[PDB]
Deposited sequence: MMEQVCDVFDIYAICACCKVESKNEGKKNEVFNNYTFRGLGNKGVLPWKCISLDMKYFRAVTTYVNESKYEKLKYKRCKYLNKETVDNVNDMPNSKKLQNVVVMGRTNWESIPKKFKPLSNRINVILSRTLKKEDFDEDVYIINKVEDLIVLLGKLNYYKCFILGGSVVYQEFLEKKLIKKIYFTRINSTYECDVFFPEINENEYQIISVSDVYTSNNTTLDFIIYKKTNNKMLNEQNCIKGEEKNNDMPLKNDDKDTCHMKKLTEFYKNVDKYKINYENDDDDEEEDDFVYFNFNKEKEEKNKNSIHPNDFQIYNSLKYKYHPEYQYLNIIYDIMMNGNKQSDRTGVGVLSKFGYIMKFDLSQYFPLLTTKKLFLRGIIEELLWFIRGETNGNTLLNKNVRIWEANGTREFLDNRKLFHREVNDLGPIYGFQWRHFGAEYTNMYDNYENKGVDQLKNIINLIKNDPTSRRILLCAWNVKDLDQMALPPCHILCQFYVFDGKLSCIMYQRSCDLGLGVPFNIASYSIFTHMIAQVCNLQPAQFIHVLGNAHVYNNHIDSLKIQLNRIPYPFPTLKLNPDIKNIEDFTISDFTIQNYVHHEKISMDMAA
């Protein structure tokens, strides 16, 4: 129709508005307040805004001239169209919008009332005529709310370039509720931090409810696994949403895409119990903790439990009773009479988990007795040592913390899943590799990502550094077969911008953290899923 010929796109930025909370895309709808934007500066958004609304491709115009000239029977700049309130919100120093053909919709104002190089129009109709008579690359509709509403209603927008600002502000004007039959998300950017907020960038698309070295590629693929003998042929129709997306650049796709590779290419193995998994061997995920806290959004996660577990580690505790009194059941099943007995630990008290994480972190090499013993200045205090190496020998390549004490494996309730952490220091920034031997992608890994990201924050802080990358190496990476249905639901959910973690900044010692020193801000998440 008219939207494809004239390439009329919309670009906006929406925050959450003043309102056990449910989240949909309508969560991000706040456009402005008291004639201006709800927020002071979000520079990264503003820079995106300029890059998109001023970018042209010289060479591509020729074919757009042809297309548009054909329909009418007949430096390069983009057009930008804005309501009069929007235009008035711009500071003088930036009027008219640089390196762009500015247009303004208005009834109360005519050319005579503007000093500046701008086209005025009183009709949506008048714009289409204007574009007909103009050389431009792309036409972007800048808002505000009234301009957005009518260009949508009139089926005129090809794509909505949409910034999710993952914070809340007082708002008096809102973006229109986008009909999900009309527009579908096809792209989601990396998540980022700017002016103390996370944000990403998503592109909604409308529906209708030297080519010599391109042949060389087809050749170097003469030996590929065809569509039929691709191990577990699970049905396309199931992952419709996941496969529709053109760009999957949200860091959560790092987890999601491993679920997919295991489902589509995983080896079928019956395991330790006689259950059933799909397994592969050797993955890596990287998460930029300076830009976001990678708590998964495609389902709900609570961190109270796993933060209690991490504080329990740092204290050197092996006593399951301490966590159960905090109503944290993460270790309950590994602590039962039935379980300790089946691990041949007949002479071990219930909930006495033996020389596990905590004990190995503060006392590696000390003889484990029972969970009540005072092990002070017994065994190597690994945690203290790596905090000292990071502080005094930051370039050291021996800042490992290790839980896999070979000597004590059979005395633990079960060997550590999370084998070791290596630390790395450059330019006052701390990164952390964690090697995981056995990873339940379905229940375990979401939490495992959350635990070591929080741990990197804690170490970084008490060493006067800034968290950089948390790097997660998976050994045996497996999906339980009864999790498959639940994971299908999950792969078809589109990630939201990650939240942020705040550490009480008065904590200067690794031991001095307590629950209330941990605040997750702006967790926007899909609905709880039982993997069972």
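Missing from the model, by position in the deposited sequence, are residues 1 to 3, 23 to 28, 84 to 96, 232 to 282, 606 to 608.
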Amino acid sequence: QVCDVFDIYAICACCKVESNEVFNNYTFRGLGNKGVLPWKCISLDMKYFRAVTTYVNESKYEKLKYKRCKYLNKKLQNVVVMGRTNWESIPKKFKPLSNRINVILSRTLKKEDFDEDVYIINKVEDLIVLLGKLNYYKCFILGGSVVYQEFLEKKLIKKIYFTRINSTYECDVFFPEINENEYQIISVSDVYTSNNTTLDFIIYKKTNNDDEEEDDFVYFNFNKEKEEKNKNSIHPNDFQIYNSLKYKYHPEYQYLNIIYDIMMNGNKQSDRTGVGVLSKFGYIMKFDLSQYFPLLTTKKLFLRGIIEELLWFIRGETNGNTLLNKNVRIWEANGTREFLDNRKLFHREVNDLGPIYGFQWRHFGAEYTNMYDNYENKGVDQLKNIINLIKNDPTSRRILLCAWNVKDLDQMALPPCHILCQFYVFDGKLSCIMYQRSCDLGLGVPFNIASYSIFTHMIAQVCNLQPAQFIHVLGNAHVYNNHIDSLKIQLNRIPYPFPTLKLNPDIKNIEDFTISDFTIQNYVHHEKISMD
From here on, numbers count along this sequence of modelled residues.
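Between two forms, the rigid core is defined as the largest C-alpha subset superposing within 1.5 Å.
Taking 233 to 241 and 101 to 109 in turn, the stretch whose Cα atoms are more displaced from the shown form in 9 other deposited structures of this protein following rigid core superposition is 233 to 241. Of the two stretches examined, 413 to 421 and 89 to 97, the one with higher mean CA deviation in 9 other deposited structures of this protein after a rigid core fit is 89 to 97.
Modelled in this chain, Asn522 is likewise resolved in all the other entries of the protein that span it on both sides, not missing from even a third of them. Checked against the other entries of this protein, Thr197 counts as resolved in every one of those spanning it, not missing from a third of them. Look at the C-alpha B-factors of 245 to 253 and of 85 to 93. On average they run higher in 85 to 93. Between 96 to 104 and 225 to 233, the higher mean Cα B-factor belongs to 225 to 233.
Looking only at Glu367, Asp115, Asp211, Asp393, the residue with the top Cα B factor in the deposited structure is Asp211. Of the candidates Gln184, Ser189, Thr193, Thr297, it is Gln184 whose Cα B-factor is highest according to the PDB record.
Among the modelled residues of its chain, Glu376 has a C-alpha B-factor that falls in the highest third, as given in the PDB entry.
Among the modelled residues of its chain, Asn122 has a C-alpha B-factor that falls in the highest third, as given in the PDB entry. Compared with the other modelled residues of the chain, the Cα B-factor recorded for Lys65 ranks in the highest third. Sort the chain's modelled residues by C-alpha temperature factor and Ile202 lands in the lowest third, per the entry. The entry lists a Cα temperature factor for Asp216 that places it in the highest third of the chain's modelled residues.
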